[PDB]
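For the record, the sequence lines run as chains A and B.
Numbering of the first sequence is given in PDB author numbering, commencing with residue 11 and proceeding in unit increments.
Numbering of the second sequence is given in PDB author numbering, commencing with residue 481 and proceeding in unit increments.
The beta-carbon is built from N, C-alpha and C at its ideal position, and this holds for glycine as well.
For reference, the structure discussed in these notes is given below.
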Amino acid sequence: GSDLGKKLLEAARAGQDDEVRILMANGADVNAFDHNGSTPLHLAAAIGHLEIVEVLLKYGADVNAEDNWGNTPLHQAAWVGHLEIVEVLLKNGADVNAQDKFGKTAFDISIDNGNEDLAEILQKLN
Amino acid sequence: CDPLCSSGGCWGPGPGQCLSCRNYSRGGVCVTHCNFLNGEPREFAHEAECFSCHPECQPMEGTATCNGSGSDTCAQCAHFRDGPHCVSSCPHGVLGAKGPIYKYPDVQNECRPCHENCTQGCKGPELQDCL
């Protein structure tokens with residue numbers, strides 16, 4: 011599952027949806043991480059692949075996993091403006107008030123970037 | 481005893497049932513050699529044990545594919561390279577120390593920085609290359 015976890019990180023990184031599904035079916039470590047602390051869920055959240063996010067969550071991905079800087083996948087999704095991914099992470103138990111290395115939540119990030127829709131979603135969902 | 485067990489002896493006739501190996505071992509099973517030059521996955525050795533090369537190392541023919549398990553010890557990257565690491569794809573806004581990192585692959589499949597003001601990625605280094 012360790013060799014498959016390395017392959018899983020690369021498939022999630024490149025947005026290879028089918029590859030991720032095949033790798034999870036073979037038992038790849040869903041909580042594996044690369045040299046940046048980024049797990050497959052962090053990588054999927056950055057590229058905007060909603061189906062990969064859901065596949066990893068179905069196979070037991072830690073929705074509150076932190077990278078080398080203390081960032082959760084919710085922080086990654088908010089930083090790049092992926093609203094539907096933010097909504098799916100919130101539905102699967104993401105801590106809405108998780109703070110990054112500057113004490114900021116997904117809400118503070120959305121406000122700092124002027125994303126009014128993201129801030130509104132975060133307010134209404136929590 | 482299996483012929484791959486050392487002079488010492490074994491606890492069963494199988495390759496994975498020796499007390500010590502004559503040459504190499506893959507997951508406790510004695511082997512004649514690691515997948516250095518041929519076979520899958522490609523491997524390197526450490527203390528007479530076979531370990532897999534990172535899946536992003538380009539499998540080399542007639543020469544070693546890697547000298548360690550990290551994506552930074554490949555003889556060549558199968559797809560793209562970001563700094564010292566062989567990666568399947570250049571960053572697509574993955575968080576780094578100061579926020580999202582966006583890069584584009586050059587002619588030599590090396591990940592180069594996007595311009596400071598690109599928010600959806602880039603296809604080159606200039607501001608007009610954003611997206």
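Identify, in the order they occur along the chain, each residue of the same chain with its Cβ nearer than 6 angstroms to the Cβ of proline 521(B), setting aside the five sequence neighbours on each side.
-> These residues qualify, in order along the chain: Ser532.
Please confirm whether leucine 84(A) and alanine 56(A) have their CB atoms less than 8 angstroms apart.
-> No. Outside cutoff.
Given 8 angstroms as the limit, is there contact between the region 586-604 of chain B and the region 68-81 of chain A, that is, 3 or more CB pairs closer than that?
-> Fewer than three Cβ pairs drawn from the region 586-604 of chain B and the region 68-81 of chain A lie within less than 8 angstroms of each other, which leaves the two stretches out of contact.
What residue does the alpha helix (DSSP H) around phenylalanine 117(A) start on, and which one ends it?
-> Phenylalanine 117(A) -> alpha helix (DSSP H) spans 116-122.
Sequence-distant residues of the same chain with beta carbon closer than 7 angstroms to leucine 128(A), five excluded per side = Sequence-distant Cβ neighbours of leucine 128(A) in its own chain, meaning closer than 7 angstroms and more than five residues away, are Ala88, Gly91, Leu93, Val96 and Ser120.
Below 6 angstroms CB to CB, which residues in the same chain sit around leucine 135(A) once its five sequence neighbours on both sides are set aside?
-> So the list reads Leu100, once near-sequence residues are dropped.
With 8 angstroms set as the bound, which would you pick, yes or no: does the beta-carbon of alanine 577(B) sit closer than that to a beta-carbon of chain A?
-> Proximity of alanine 577(B) to chain A, defined by a Cβ-Cβ separation below 8 angstroms, is satisfied.
For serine 48(A), which residues in chain B fall below 7 angstroms Cβ to Cβ?
-> Near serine 48(A) (Cβ distances below 7 angstroms), the residues of chain B are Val574.
Straight-line CA distance for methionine 34(A) to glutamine 538(B)?
-> For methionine 34(A) and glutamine 538(B), the distance between alpha carbons rounds to 23 angstroms.
7 angstroms Cβ cut-off: residues of chain B touching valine 30(A) | Here the premise fails: no neighbours, minimum Cβ distance about 12 angstroms.
Whole-angstrom Cβ separation of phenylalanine 560(B) and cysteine 546(B), contact assumed at under 8 angstroms?
-> Separation of the CB atoms of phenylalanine 560(B) and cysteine 546(B) is rounded to 17 angstroms, and the pair is thereby denied contact status at 8 angstroms.
Taking only the alpha-carbon atoms, compute the straight-line gap between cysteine 498(B) and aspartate 482(B) and give it to the nearest angstrom.
-> Going from the Cα of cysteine 498(B) to the Cα of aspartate 482(B) covers about 8 angstroms.
Could you tell me whether any Cβ in chain B is nearer than 8 angstroms to the Cβ of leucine 53(A)?
-> Proximity of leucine 53(A) to chain B, defined by a Cβ-Cβ separation below 8 angstroms, is satisfied.
Would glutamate 20(A) count as contacting chain B if we go by Cβ distances under 8 angstroms?
-> For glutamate 20(A), the answer is yes, since a Cβ of chain B falls inside 8 angstroms of its Cβ.
Are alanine 544(B) and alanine 528(B) touching if we call contact CB-CB under 8 angstroms?
-> The answer is no: Cβ separation not under 8 angstroms.
Put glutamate 126(A) into one of helix, strand or coil per three-state DSSP.
-> Secondary structure of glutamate 126(A) (DSSP, three-state): helix.
Using the rule of at least 16 other Cβ atoms within 10 Å of the residue's Cβ for burial, across every protein chain shown, is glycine 542(B) buried or exposed?
-> With fewer than 16 Cβ atoms within 10 Å of its Cβ, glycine 542(B) is classed as exposed.
Using DSSP with H/G/I as helix, E/B as strand and the rest coil, what is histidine 572(B)?
-> The answer is strand: DSSP assigns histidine 572(B) an E or B state.
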